[PDB]
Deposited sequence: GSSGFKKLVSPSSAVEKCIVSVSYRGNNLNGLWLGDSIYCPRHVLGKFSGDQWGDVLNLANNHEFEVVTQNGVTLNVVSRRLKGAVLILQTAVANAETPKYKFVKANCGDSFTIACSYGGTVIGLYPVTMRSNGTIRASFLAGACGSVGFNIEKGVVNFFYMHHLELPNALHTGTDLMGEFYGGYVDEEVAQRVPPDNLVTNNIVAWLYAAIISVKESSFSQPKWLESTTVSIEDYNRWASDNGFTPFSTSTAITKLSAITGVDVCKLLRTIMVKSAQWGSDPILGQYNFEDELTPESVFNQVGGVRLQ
């Protein structure tokens, strides 16, 4: 009752965030088991096949990694995994939580542990955009900050922060080292595909609006096939079914096709009728999250 964009608690994750230093270069790292994950650009600004050549010429002793106890960790090996640097530590994180490395799909939302100097100073939710970016809040030194969520006792790591793209847009890699949206860790002009409003989340938001109450709801329906045809030409992601949306549909008794039609109309001309106080779509509230907040 009452809907909010939740953030996952941070205790378990905070115990895994450390500081990583290389020749005056400072940022954050993720310590799980005896591995420390961090952006590879902690080595400097390179491109293409230059990384690796640089990593092979580096020494393990030059990697200054401190925990939040002030404990300096000794590095015993190093490798590149995509754009992610992995430093093996002599000692293993005795407080490694049950975790999993997951790649976030467009629309997926998770918690950003905004970190500086190995310390989490705050948290906020973000949603993986259609163009492989997230609308976050990061300043110099925040690189390496992680994105995650907690589901059924397991910590899911979806993101590691790498760079800022024009117009306050941020992007990075999943914990497997692959860059979202195919961007590269280089300071150069990079085309950013158009950002599409996330239909699935908009639908979730509409059901939340309904559950909380509509005169703005459309009675006519539009088919999924057609909506997606229309969505392709109007800046929206395609609609795809989910168990959560199904549950929401069952809870309200309102056909998801009417919400889709509602999106089509409101999109062309919103009018003076607000939805949950707004005159613009909220697309960062997920079906899963709305469902969780009903019961």
{"query": "Regions left out of the model, expressed as runs of the deposited sequence counted from 1", "finding": "1-2, 216-222, 305-309"}
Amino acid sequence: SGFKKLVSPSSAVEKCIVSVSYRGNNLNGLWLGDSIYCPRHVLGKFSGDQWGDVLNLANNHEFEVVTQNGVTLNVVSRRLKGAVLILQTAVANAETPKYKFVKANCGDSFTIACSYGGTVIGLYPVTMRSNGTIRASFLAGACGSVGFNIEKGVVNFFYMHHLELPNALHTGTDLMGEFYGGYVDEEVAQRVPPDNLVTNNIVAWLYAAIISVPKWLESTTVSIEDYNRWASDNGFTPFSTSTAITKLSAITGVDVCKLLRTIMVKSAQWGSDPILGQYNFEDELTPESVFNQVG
From here on, numbers count along this sequence of modelled residues.
property	result
Mean C-alpha B-factor comparison - 66-74 and 25-33, higher one	66-74
Residue stretch of maximal mean CA temperature factor, 124-132 vs 214-222	214-222
Residue of maximum C-alpha B factor among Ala189, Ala208, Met160, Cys114, per deposited coordinates	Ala189
From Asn200, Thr89, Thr173, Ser145, residue of greatest CA B-factor	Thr89
CA B-factor ranking of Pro193, expressed as a third of its chain	highest
Third of chain Cα B-factors occupied by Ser19	middle
Chain third (lowest, middle, highest) by recorded CA B-factor, residue given as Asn93	highest
Within-chain third of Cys38 by Cα B-factor, per the entry	lowest
B-factor third for the C-alpha atom of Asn105 within its chain	middle
